[PDB]
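J.: This is the structure I want to talk about, given as structure tokens.
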Amino acid sequence: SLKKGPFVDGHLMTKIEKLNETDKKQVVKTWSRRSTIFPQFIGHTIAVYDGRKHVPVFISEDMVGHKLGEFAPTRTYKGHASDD
Amino acid sequence: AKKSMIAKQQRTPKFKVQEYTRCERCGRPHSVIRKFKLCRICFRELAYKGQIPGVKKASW
Amino acid sequence: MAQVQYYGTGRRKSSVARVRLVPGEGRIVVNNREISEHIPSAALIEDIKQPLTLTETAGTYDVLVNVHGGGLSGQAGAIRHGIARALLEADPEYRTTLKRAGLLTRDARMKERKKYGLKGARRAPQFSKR
Amino acid sequence: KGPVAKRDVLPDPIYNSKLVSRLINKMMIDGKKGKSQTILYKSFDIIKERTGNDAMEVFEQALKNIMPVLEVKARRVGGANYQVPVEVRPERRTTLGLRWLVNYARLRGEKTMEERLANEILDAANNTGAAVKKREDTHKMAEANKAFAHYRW
Amino acid sequence: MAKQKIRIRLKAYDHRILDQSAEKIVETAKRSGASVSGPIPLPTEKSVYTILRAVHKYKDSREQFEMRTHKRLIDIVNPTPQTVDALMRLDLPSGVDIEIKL
Amino acid sequence: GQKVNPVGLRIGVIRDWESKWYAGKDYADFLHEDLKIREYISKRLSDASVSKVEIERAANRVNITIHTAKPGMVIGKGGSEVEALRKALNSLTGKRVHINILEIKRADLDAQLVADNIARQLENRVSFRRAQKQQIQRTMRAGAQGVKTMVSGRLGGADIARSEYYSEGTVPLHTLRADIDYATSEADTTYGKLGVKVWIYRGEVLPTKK
RNA sequence: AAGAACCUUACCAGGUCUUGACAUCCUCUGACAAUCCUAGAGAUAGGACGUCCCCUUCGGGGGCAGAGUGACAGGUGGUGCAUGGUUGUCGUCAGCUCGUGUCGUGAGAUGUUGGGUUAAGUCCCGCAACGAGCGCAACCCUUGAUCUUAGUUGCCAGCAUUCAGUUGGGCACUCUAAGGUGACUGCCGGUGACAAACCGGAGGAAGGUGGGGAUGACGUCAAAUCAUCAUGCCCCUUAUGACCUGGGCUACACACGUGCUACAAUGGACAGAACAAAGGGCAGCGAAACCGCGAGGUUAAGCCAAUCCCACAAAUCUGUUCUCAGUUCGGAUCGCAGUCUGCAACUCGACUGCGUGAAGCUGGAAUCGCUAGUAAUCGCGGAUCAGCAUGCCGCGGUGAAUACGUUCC
């Protein structure tokens with residue numbers, strides 16, 4: 001990125017804000033993987049829309065600046081014939 | 001789907017970056033020079049038709 | 001408006017020069033700089049100065065030349081053809097020995113325009129059967 | 001077809017002779033007359049420094065010493081190749097001489113290219129070195145097998 | 001002694017139209033006027049364009065169509081208002097880039 | 001090629017562009033309006049016919065002169081038709097208009113007209129060979145130094161494909177002073193479309209000087 | 001493919017629509033259109049703030065929306081073994097043909113063969129043939145020499161001015177673009193039928209189709225493109241169509257084609273000095289000044305441009321330094337920290353600073369290009385383009401080796 005600053009679409013902002021202030025709801029899908037993780041966002045688990053299937057993702061304290069959608073690879077491995 | 005494409009283009013894009021160039025004479029996108037907004041083939045056929053001066057062809 | 005002097009334009013491969021054969025010590029002047037200085041060292045500069053030496057030898061006339069365009073060797077060659085044609089305009093009689101010298105004409109040649117499908121205006125990058 | 005006209009080289013101011021300009025043509029790499037110029041004058045200087053003698057003389061003797069008298073030419077008229085020895089054209093003589101000269105000079109391995117061109121040209125002066133050895137090898141491939149190229153072809 | 005002077009400039013793709021326009025635009029300058037500088041040449045800038053021949057592949061074959069752009073200048077020391085009123089009418093040519101400035 | 005269009009070569013040295021002007025802040029927009037004018041003249045090509053329209057523009061002005069074998073088709077009775085066309089074009093161009101008219105002598109000599117005519121004959125399902133023969137005879141009546149003509153695509157509906165051509169007199173496209181008119185047309189038979197081409201050698205042009 | 005982050009994009013997945021995203025006819029009301037809120041990933045739906053305009057004695061005129069309706073619209077759906085159109089290929093190789101006539105039972109042949117000559121079916125001579133058409137050539141453009149016309153924003157020699165052609169002046173010259181001049185074997189000599197033509201020499205800026213480009217003949221390959229456009233036929237239609245979010249077009253054990261960078265002392269690194277051409281620029285180029293090591297930023301003059309800007313030419317030269325090694329060789333890969341563009345740089349952008357320092361010390365079998373300003377190599381610009389050019393198209397710098405010859409491919 002650059003400066004001022006990391007950019008969530010902003011709906012995730014109010015969502016995680018309301019989820020932080022109250023309710024403590026867990027597991028929620030999102031199509032907007034472009035959004036970066038935030039300190040207020042910590043500890044939540046989001047189903048990430050790779051396209052084929054949502055992949056749930058827990059948020060450790062260590063991850064912030066990495067993109068939220070980065071953790072789930074759309075790519076399928078490998079695929080190769082004769083292993084070993 | 002060229003009618004759907006030109007309909008997609010003539011309508012205002014949600015973001016200004018989206019507006020790719022395309023000629024009016026033909027609905028083909030891609031490989032369209034921006035300065036004249038013509039097809040390479042559009043400009044080809046018009047070149048044999050002759051639309052602008054001048055010489056034409058392969059000078060210098 | 002001073003003492004009479006001959007001059008001869010001389011170009012090569014898009015590099016034009018304007019020589020002036022004012023009589024004097026014979027020290028050469030290129031762009032207000034000595035030929036020993038403007039293109040060090042460079043031995044080829046003596047080849048720029050050869051035509052005057054090949055003709056009777058020697059005056060020697062002072063040269064005030066202004067050149068523009070091309071590279072160093074090209075503009076220097078322009079100095080050469082330029083002093084050559086100026087020497088041609090010196091006296092008509094000299095031209096006879098000059099036919100033996102060649103050393104005129106400026107043969108027009110310059111790098112060819114690139115052909116489409118070719119990198120070197122002649123060279124083709126590659127070919128491969130199958 | 002027929003023979004083609006060939007341009008004469010602009011003479012080198014030092015040492016006057018055009019043949020040295022032919023060296024300026026052959027030794028040159030990446031189209032740089034100036035690099036050939038510097039290596040040429042430094043070559044004359046290093047020749048001037050060790051074992052005093054005129055550079056033009058040792059050079060002339062060297063070039064006379066590096067020109068083959070005969071050369072083979074392979075031709076597959078049948079099973080296996082058959083080289084045919086023949087008297088060499090003098091232009092081809094100086095060409096092969098200068099080319100094997102610069103080529104073997106390139107591989108001398110000395111830290112200074114000028115000093116190894118010096119060692120090489122003096123080896124040509126002394127009837128030794130890789131160049132004279134190679135001309136001798138061409139002399140061996142020739143004469144010994146000239147019988148097929150006696151007056152047949 | 002120097003003073004600002006009107007200096008009309010012409011530009012066109014075709015040249016015959018351009019110098020015919022030059023003759024027409026200086027001819028009005030000659031009548032009811034004075035001095036009248038000639039149409040001095042300008043370097044002219046062409047625009048090359050390489051385009052593929054085939055509808056599909058065969059990129060190795062192409063063609064170069066290009067568009068040159070000529071330019072010219074004309075001057076007159078005497079503003080002479082009558083030929084300026086005469087200047088307002090110009091039947092020819094449809095294809096010309098006249099530009100007036102003082 | 002195998003055959004580059006002569007029309008792409010004749011222009012400049014021996015012929016003028018169909019539409020000349022200058023640009024300009026908006027080189028594209030003039031071309032857009034002019035191509036649109038071609039789009040509506042093409043609608044006028046449906047029966048009134050036209051060999052060609054010449055176009056000139058000079059800032060808030062236009063000179064879309066027409067030349068046609070049948071001048072009265074576009075004028076109408078009392079000249080009302082050319083006026084209504086003038087309004088129909090004025091409504092579109094957004095600028096002042098005054099469309100002009102011209103009547104070509106010996107109109108069959110023009111390539112565009114004979115090509116459109118033989119194409120209509122192909123629409124009439126007359127034999128293509130006899131039609132090309134009548135073409136050569138008619139252009140022979142027109143009087144010309146040399147004429148060539150060609151047709152392609154399905155011919156009579158026979159076979160998967162066929163192409164034919166007939167000619168008489170010199171037709172030197174490689175000549176740079178030949179002043180050869182070129183034309184193409186596109187017939188629409190139920191069996192399929194028919195390609196149409198014709199070359200007309202009007203004769204060499206001699207340059208003048210004063 | 002002259003720019004796949006979204007779009008493009010067609011394909012996948014999910015969420016939505018069925019006279020429709022796009023065009024026309026009908027009836028039919030009504031201006032059309034927008035300002036925000038709410039829910040949603042968007043797509044859109046639910047509300048209010050809002051439109052309610054223009055010419056007509058009342059029928060109307062006009063774009064345009066909405067409603068319904070049959071029609072239709074739509075397909076980058078299939079078919080280049082249905083095509084138009086356009087383009088490769090032998091090949092810029094010199095051939096391919098026709099009219100008339102003759103000959104042959106006929107198919108066919110003659111002309112187009114033969115002699116000389118040419119890059120050429122080029123020319124010449126002869127020939128039962130004489131012509132002609134499409135090509136080659138010529139005609140065009142570009143480059144080079146020179147004249148004339150015309151001298152600013154360009155030009156600076158002769159004069160003064162200044163940091164500066166910058167400013168007086170000059171309008172010579174360079175330079176610029178119009179009209180001319182010039183090359184045609186023509187002049188001489190020799191050969192040849194005294195023909196064509198070749199060779200040699202002179203004249204000449206350029207000599208024997210001057211150099212380069214354009215110019216691609218009949219046709220071959222059912223060659224390529226239904227996907228540029230057009231469209232015969234066939235198929236689909238609350239879906240082979242339309243909208244949207246995200247993906248993918250960039251996969252990864254590997255093979256191949258084609259480029260780039262190197263494997264180094266003719267070199268690397270540092271410092272100083274010096275010579276270009278052409279092209280682009282107003283939704284732009286953006287100087288100068290300033291901030292940051294850098295990338296860039298702040299700010300802003302000038303320029304619709306022979307004025308100003310992009311912009312500094314690089315190799316090279318001159319010295320200093322390393323002294324032959326996986327190296328002060330090369331830069332890979334990756335880490336960290338920044339930066340430009342964009343709603344937005346995870347997939348899948350570019351650039352910079354710092355750090356990390358693969359492989360490679362010239363490459364088997366095999367194979368490619370090029371006869372001179374060509375090969376060799378160094379930088380620059382442009383089309384493309386929000387951003388992204390080792391690709392492509394051009395520009396100039398430096399600038400060779402060899403061509404005995406048609407034995408062989």
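Letters for chains follow the order of the structure tokens (A, B, ...), residue numbers begin at 1 for each chain, and ligand numbers begin at 1 in the order shown.
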Using backbone DSSP assignments, extract all alpha helix (DSSP H) residues from stretch 6-37 of chain E; output them as an MDAnalysis selection string.
T.: chainID E and resid 16:30
J.: Within 10 Å of residue G:14, counting only C-alpha atoms (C1' of nucleotides), which residues qualify if same-chain residues fewer than 4 places away don't, as a PyMOL selection string?
T.: (chain A and resi 31+49+51-53) or (chain G and resi 245-246)
J.: Using only C-alpha atoms, which chain F residues lie at most 6 Å away from chain E, written as a PyMOL selection string?
T.: chain F and resi 21-22+56-58
J.: Generate a file of the selected residues that holds N, CA, C and O atoms, formatted as a PDB file, in the first residue's frame.
T.:
ATOM      1  N   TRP F  21     -10.439  17.899 -44.829  1.00  0.00           N
ATOM      2  CA  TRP F  21     -10.621  18.980 -43.861  1.00  0.00           C
ATOM      3  C   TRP F  21      -9.330  19.191 -43.075  1.00  0.00           C
ATOM      4  O   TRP F  21      -8.264  18.737 -43.484  1.00  0.00           O
ATOM      5  N   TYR F  22      -9.438  19.880 -41.944  1.00  0.00           N
ATOM      6  CA  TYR F  22      -8.303  20.051 -41.045  1.00  0.00           C
ATOM      7  C   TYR F  22      -8.679  19.766 -39.594  1.00  0.00           C
ATOM      8  O   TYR F  22      -9.827  19.941 -39.188  1.00  0.00           O
ATOM      9  N   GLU F  56     -16.186  18.655 -47.415  1.00  0.00           N
ATOM     10  CA  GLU F  56     -15.246  19.649 -46.907  1.00  0.00           C
ATOM     11  C   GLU F  56     -15.834  20.357 -45.692  1.00  0.00           C
ATOM     12  O   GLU F  56     -17.038  20.601 -45.635  1.00  0.00           O
ATOM     13  N   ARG F  57     -14.984  20.692 -44.728  1.00  0.00           N
ATOM     14  CA  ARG F  57     -15.430  21.399 -43.527  1.00  0.00           C
ATOM     15  C   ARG F  57     -14.416  22.450 -43.086  1.00  0.00           C
ATOM     16  O   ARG F  57     -13.209  22.269 -43.251  1.00  0.00           O
ATOM     17  N   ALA F  58     -14.917  23.579 -42.596  1.00  0.00           N
ATOM     18  CA  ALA F  58     -14.054  24.662 -42.139  1.00  0.00           C
ATOM     19  C   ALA F  58     -14.578  25.358 -40.885  1.00  0.00           C
ATOM     20  O   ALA F  58     -14.933  26.534 -40.932  1.00  0.00           O
TER      21      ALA F  58
END
J.: Skipping near chain neighbours, those fewer than 2 positions away, what residues fall within 7 Å of stretch 55-60 of chain E using only C-alpha atoms (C1' of nucleotides), listed as a list in words?
T.: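 Here the qualifying residues turn out to be residues 117 of chain C; 52, 53 and 62 of chain E; 86, 87, 88 and 225 of chain G.
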J.: Restricted to C-alpha atoms (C1' of nucleotides), what would the selected residues look like written as a PDB file, in the first residue's frame?
T.:
ATOM      1  CA  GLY C 117       9.747  -7.894 -39.004  1.00  0.00           C
TER       2      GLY C 117
ATOM      3  CA  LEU E  52      -1.002  -5.376 -39.219  1.00  0.00           C
ATOM      4  CA  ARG E  53      -2.089  -6.637 -42.646  1.00  0.00           C
ATOM      5  CA  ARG E  62       2.581  -5.001 -41.863  1.00  0.00           C
TER       6      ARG E  62
ATOM      7  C1'   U G  86      -9.118  -9.300 -45.477  1.00  0.00           C
ATOM      8  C1'   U G  87      -4.164 -11.756 -45.211  1.00  0.00           C
ATOM      9  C1'   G G  88       0.192 -15.426 -45.426  1.00  0.00           C
ATOM     10  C1'   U G 225      -9.825 -15.463 -39.841  1.00  0.00           C
TER      11        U G 225
END
J.: So which residues touch stretch 23-30 of chain G within 9 Å, counting only C-alpha atoms (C1' of nucleotides), skipping near sequence neighbours fewer than 4 positions away, as a PyMOL selection string?
T.: chain G and resi 52+65-73
J.: I'd like the interatomic distance between atom CA of residue C:25 and atom CA of residue C:95, to a tenth of an Å.
T.: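 Going from atom CA of residue C:25 over to atom CA of residue C:95, I get 23.9 Å.
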J.: Could you name the residues that touch residue G:285 at 10 Å or less, counting only C-alpha atoms (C1' of nucleotides), but leaving out those on the same chain fewer than 4 positions away, as a list in words?
T.: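 Contacts, with the query itself left out: residues 280, 281, 303, 308, 309 and 310 of chain G.
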J.: With C-alpha atoms (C1' of nucleotides) retained, could you export that selection as a PDB file, in the first residue's frame?
T.:
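The result, stored in result.pdb:
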ATOM      1  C1'   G G 280       5.663  13.221 -28.256  1.00  0.00           C
ATOM      2  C1'   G G 281       2.965  17.123 -25.307  1.00  0.00           C
ATOM      3  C1'   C G 303       4.470  25.856 -23.823  1.00  0.00           C
ATOM      4  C1'   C G 308       8.849  25.997 -23.931  1.00  0.00           C
ATOM      5  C1'   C G 309       8.717  21.105 -21.716  1.00  0.00           C
ATOM      6  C1'   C G 310       9.443  15.607 -21.918  1.00  0.00           C
TER       7        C G 310
END
J.: When you get a sec, could you note down which chain C residues fall within 9 Å of chain D, using only C-alpha atoms, as a list in words?
T.: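 Taking only C-alpha atoms into account, residues 42, 43, 44, 46 and 47 of chain C sit within 9 Å of chain D.
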J.: If we count only C-alpha atoms (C1' of nucleotides) and set the cut-off at 6 Å, which residues sit around stretch 7-10 of chain E, ignoring sequence neighbours fewer than 4 positions away in its own chain? Please answer as number ranges by chain.
T.: E: 71-75, 97-101
J.: List every residue of chain G that has an atom at most 10 Å from any atom of chain E, and for each one report the closest atom pair and its distance in Å to one decimal, counting only C-alpha atoms (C1' of nucleotides), with rows sorted by chain and then by increasing residue number, as a Markdown table.
T.:
| residue | atom | partner | partner_atom | distance |
| --- | --- | --- | --- | --- |
| G:2 | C1' | E:51 | CA | 8.7 |
| G:86 | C1' | E:55 | CA | 6.2 |
| G:87 | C1' | E:54 | CA | 4.2 |
| G:88 | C1' | E:58 | CA | 6.3 |
| G:149 | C1' | E:38 | CA | 9.2 |
| G:150 | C1' | E:40 | CA | 5.2 |
| G:151 | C1' | E:40 | CA | 6.3 |
| G:152 | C1' | E:73 | CA | 7.4 |
| G:154 | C1' | E:42 | CA | 8.6 |
| G:168 | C1' | E:2 | CA | 9.9 |
| G:175 | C1' | E:43 | CA | 9.3 |
| G:176 | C1' | E:43 | CA | 5.4 |
| G:177 | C1' | E:41 | CA | 5.0 |
| G:178 | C1' | E:19 | CA | 8.3 |
| G:214 | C1' | E:64 | CA | 9.7 |
| G:224 | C1' | E:56 | CA | 7.3 |
| G:225 | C1' | E:56 | CA | 5.6 |
| G:227 | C1' | E:56 | CA | 9.5 |
| G:228 | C1' | E:55 | CA | 7.1 |
| G:279 | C1' | E:47 | CA | 8.4 |
| G:306 | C1' | E:43 | CA | 6.4 |
| G:382 | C1' | E:48 | CA | 9.2 |
| G:383 | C1' | E:49 | CA | 7.2 |
| G:392 | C1' | E:50 | CA | 9.7 |
| G:393 | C1' | E:50 | CA | 6.7 |
| G:394 | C1' | E:48 | CA | 8.6 |
J.: Would you mind listing, for every residue of chain G within 6 Å of chain F, the two atoms forming the shortest contact and the distance between them in Å to one decimal, using only C-alpha atoms (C1' of nucleotides), sorted by chain and ascending residue number, as a Markdown table?
T.:
| residue | atom | partner | partner_atom | distance |
| --- | --- | --- | --- | --- |
| G:84 | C1' | F:195 | CA | 5.4 |
| G:139 | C1' | F:176 | CA | 5.5 |
| G:232 | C1' | F:192 | CA | 4.7 |
J.: Take the residues that were just selected and, keeping N, CA, C and O atoms (P, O5', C5', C4', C3', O3' and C1' of nucleotides), output them as a PDB file, in the first residue's frame.
T.:
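Done, and the output landed in result.pdb:
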ATOM      1  P     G G  84     -15.253 -15.990 -50.737  1.00  0.00           P
ATOM      2  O5'   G G  84     -15.943 -14.561 -50.617  1.00  0.00           O
ATOM      3  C5'   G G  84     -16.951 -14.154 -51.535  1.00  0.00           C
ATOM      4  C4'   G G  84     -17.653 -12.909 -51.057  1.00  0.00           C
ATOM      5  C3'   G G  84     -16.748 -11.742 -50.693  1.00  0.00           C
ATOM      6  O3'   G G  84     -16.345 -10.983 -51.821  1.00  0.00           O
ATOM      7  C1'   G G  84     -18.298 -12.091 -48.954  1.00  0.00           C
ATOM      8  P     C G 139      11.194   6.262 -63.195  1.00  0.00           P
ATOM      9  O5'   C G 139       9.701   6.807 -63.092  1.00  0.00           O
ATOM     10  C5'   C G 139       9.188   7.716 -64.056  1.00  0.00           C
ATOM     11  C4'   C G 139       7.680   7.742 -64.037  1.00  0.00           C
ATOM     12  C3'   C G 139       7.036   8.047 -62.694  1.00  0.00           C
ATOM     13  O3'   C G 139       6.993   9.433 -62.403  1.00  0.00           O
ATOM     14  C1'   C G 139       5.979   6.169 -63.671  1.00  0.00           C
ATOM     15  P     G G 232     -28.376 -14.475 -43.510  1.00  0.00           P
ATOM     16  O5'   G G 232     -28.113 -15.785 -44.379  1.00  0.00           O
ATOM     17  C5'   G G 232     -28.335 -15.783 -45.781  1.00  0.00           C
ATOM     18  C4'   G G 232     -28.000 -17.122 -46.392  1.00  0.00           C
ATOM     19  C3'   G G 232     -28.515 -18.338 -45.637  1.00  0.00           C
ATOM     20  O3'   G G 232     -29.876 -18.623 -45.916  1.00  0.00           O
ATOM     21  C1'   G G 232     -26.239 -18.656 -46.162  1.00  0.00           C
TER      22        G G 232
END
J.: Can you tell me which residues surround residue F:136 at a distance of at most 10 Å, considering only C-alpha atoms (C1' of nucleotides), apart from same-chain residues fewer than 4 positions away, and format the answer as a PyMOL selection string?
T.: chain F and resi 130-132+140-142+147-149+166-168
J.: Compute the set of chain D residues within 12 Å of chain G, using only C-alpha atoms (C1' of nucleotides), and express it as a PyMOL selection string.
T.: chain D and resi 1-7+9+21-40+73-78+86-92+95-96+98-99+106+109-114+153
J.: Determine which residues of chain B sit within 7 Å of chain G, taking into account only C-alpha atoms (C1' of nucleotides), and present them as a list in words.
T.: residues 1, 3, 4, 7, 17, 18, 26, 28, 31, 33, 41, 57, 58, 59 and 60 of chain B
J.: Select from chain G every residue with an atom at most 6 Å from any atom of chain A, then for each give the shortest pair of atoms and their distance in Å to one decimal, using only C-alpha atoms (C1' of nucleotides), rows by chain and rising number, as JSON lines.
T.:
{"residue": "G:13", "atom": "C1'", "partner": "A:52", "partner_atom": "CA", "distance": 5.1}
{"residue": "G:41", "atom": "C1'", "partner": "A:31", "partner_atom": "CA", "distance": 5.3}
{"residue": "G:246", "atom": "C1'", "partner": "A:51", "partner_atom": "CA", "distance": 5.8}
{"residue": "G:247", "atom": "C1'", "partner": "A:51", "partner_atom": "CA", "distance": 5.6}
{"residue": "G:346", "atom": "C1'", "partner": "A:70", "partner_atom": "CA", "distance": 4.2}
J.: Next, the residues of the selection above should be written as a PDB file, in the first residue's frame with N, CA and C atoms (P, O5', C5', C4', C3', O3' and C1' of nucleotides).
T.:
ATOM      1  P     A G  13     -19.646 -23.271 -12.811  1.00  0.00           P
ATOM      2  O5'   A G  13     -19.580 -22.603 -11.366  1.00  0.00           O
ATOM      3  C5'   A G  13     -18.798 -23.181 -10.332  1.00  0.00           C
ATOM      4  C4'   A G  13     -18.713 -22.270  -9.132  1.00  0.00           C
ATOM      5  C3'   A G  13     -20.010 -21.586  -8.725  1.00  0.00           C
ATOM      6  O3'   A G  13     -20.854 -22.412  -7.941  1.00  0.00           O
ATOM      7  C1'   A G  13     -18.305 -19.976  -8.854  1.00  0.00           C
ATOM      8  P     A G  41     -23.263  -7.687   2.354  1.00  0.00           P
ATOM      9  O5'   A G  41     -22.828  -6.550   1.325  1.00  0.00           O
ATOM     10  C5'   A G  41     -21.538  -5.956   1.388  1.00  0.00           C
ATOM     11  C4'   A G  41     -20.776  -6.164   0.104  1.00  0.00           C
ATOM     12  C3'   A G  41     -21.476  -5.704  -1.168  1.00  0.00           C
ATOM     13  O3'   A G  41     -21.328  -4.313  -1.408  1.00  0.00           O
ATOM     14  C1'   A G  41     -20.646  -7.892  -1.477  1.00  0.00           C
ATOM     15  P     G G 246     -14.729  -7.442  -6.808  1.00  0.00           P
ATOM     16  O5'   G G 246     -14.113  -8.902  -6.655  1.00  0.00           O
ATOM     17  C5'   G G 246     -13.836  -9.441  -5.371  1.00  0.00           C
ATOM     18  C4'   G G 246     -13.778 -10.947  -5.394  1.00  0.00           C
ATOM     19  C3'   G G 246     -12.804 -11.569  -6.380  1.00  0.00           C
ATOM     20  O3'   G G 246     -11.460 -11.550  -5.934  1.00  0.00           O
ATOM     21  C1'   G G 246     -14.873 -12.686  -6.524  1.00  0.00           C
ATOM     22  P     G G 247     -10.272 -11.296  -6.987  1.00  0.00           P
ATOM     23  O5'   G G 247     -10.242 -12.627  -7.867  1.00  0.00           O
ATOM     24  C5'   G G 247      -9.467 -13.746  -7.461  1.00  0.00           C
ATOM     25  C4'   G G 247     -10.119 -15.050  -7.848  1.00  0.00           C
ATOM     26  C3'   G G 247      -9.537 -15.747  -9.065  1.00  0.00           C
ATOM     27  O3'   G G 247      -8.379 -16.504  -8.756  1.00  0.00           O
ATOM     28  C1'   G G 247     -11.889 -15.683  -9.248  1.00  0.00           C
ATOM     29  P     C G 346      -1.690  -6.037  -2.362  1.00  0.00           P
ATOM     30  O5'   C G 346      -1.220  -7.520  -2.695  1.00  0.00           O
ATOM     31  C5'   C G 346      -0.519  -8.291  -1.729  1.00  0.00           C
ATOM     32  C4'   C G 346      -1.069  -9.692  -1.626  1.00  0.00           C
ATOM     33  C3'   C G 346      -1.222 -10.454  -2.931  1.00  0.00           C
ATOM     34  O3'   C G 346      -0.004 -11.013  -3.393  1.00  0.00           O
ATOM     35  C1'   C G 346      -3.180 -10.711  -1.629  1.00  0.00           C
TER      36        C G 346
END
J.: From the options F:102, F:45, F:118, F:59, which residue's atoms come nearest to residue F:71, counting only C-alpha atoms?
T.: F:102
J.: Quick one: pull the distance between atom CA of residue F:103 and atom CA of residue F:68, Å, one decimal.
T.: 5.3 Å
J.: Would you mind listing, as a list in words, all residues of chain B that have at least one atom within 8 Å of chain F, where only C-alpha atoms are what counts?
T.: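 Residues satisfying the distance criterion: residues 24, 36, 37, 47, 48, 49, 50, 51, 52, 53, 54, 55, 56 and 57 of chain B.
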J.: With a cut-off of 12 Å and counting only C-alpha atoms, select all residues of chain C in contact with chain B and give the selection as an mmCIF file with N, CA, C and O atoms, in the first residue's frame.
T.:
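Wrote it out as selection_28.cif, contents follow:
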data_model
loop_
_atom_site.group_PDB
_atom_site.id
_atom_site.type_symbol
_atom_site.label_atom_id
_atom_site.label_comp_id
_atom_site.auth_asym_id
_atom_site.auth_seq_id
_atom_site.Cartn_x
_atom_site.Cartn_y
_atom_site.Cartn_z
ATOM 1 N N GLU C 112 20.315 2.442 -42.585
ATOM 2 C CA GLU C 112 19.037 2.195 -43.239
ATOM 3 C C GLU C 112 17.878 2.201 -42.246
ATOM 4 O O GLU C 112 18.034 1.801 -41.092
ATOM 5 N N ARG C 113 16.717 2.664 -42.704
ATOM 6 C CA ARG C 113 15.492 2.588 -41.920
ATOM 7 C C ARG C 113 15.137 1.128 -41.651
ATOM 8 O O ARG C 113 15.291 0.276 -42.527
ATOM 9 N N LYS C 114 14.683 0.837 -40.436
ATOM 10 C CA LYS C 114 14.362 -0.539 -40.079
ATOM 11 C C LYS C 114 13.172 -1.078 -40.865
ATOM 12 O O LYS C 114 12.154 -0.404 -41.022
ATOM 13 N N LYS C 115 13.320 -2.302 -41.361
ATOM 14 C CA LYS C 115 12.227 -3.016 -42.005
ATOM 15 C C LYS C 115 11.311 -3.595 -40.937
ATOM 16 O O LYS C 115 11.775 -3.948 -39.852
ATOM 17 N N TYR C 116 10.018 -3.696 -41.226
ATOM 18 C CA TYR C 116 9.119 -4.385 -40.308
ATOM 19 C C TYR C 116 9.438 -5.875 -40.312
ATOM 20 O O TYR C 116 9.702 -6.460 -41.362
#
J.: Compute the chain C side of the contact with chain G at 7 Å, counting only C-alpha atoms (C1' of nucleotides), and hand it back as a compact mmCIF listing (two decimals) with C-alpha atoms, in the first residue's frame.
T.:
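Wrote it out as out.txt, contents follow:
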# COMPACT_ATOMS: atom_id res chain seq x y z
CA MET C 1 35.06 42.19 -44.18
CA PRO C 40 41.62 13.56 -27.92
CA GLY C 69 25.21 16.86 -35.65
CA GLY C 70 26.44 13.27 -35.65
CA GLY C 71 29.01 11.66 -33.38
CA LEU C 72 32.65 12.63 -32.89
CA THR C 105 31.72 13.43 -53.01
CA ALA C 108 25.50 10.18 -48.69
CA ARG C 109 25.34 6.81 -46.92
CA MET C 110 23.67 6.54 -43.52
CA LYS C 111 22.05 3.73 -41.50
CA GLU C 112 19.04 2.20 -43.24
CA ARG C 123 18.94 -9.01 -39.72
CA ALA C 124 16.21 -11.47 -38.76
CA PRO C 125 16.34 -12.68 -35.17
CA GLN C 126 15.66 -16.36 -35.83
CA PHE C 127 14.48 -19.24 -38.00
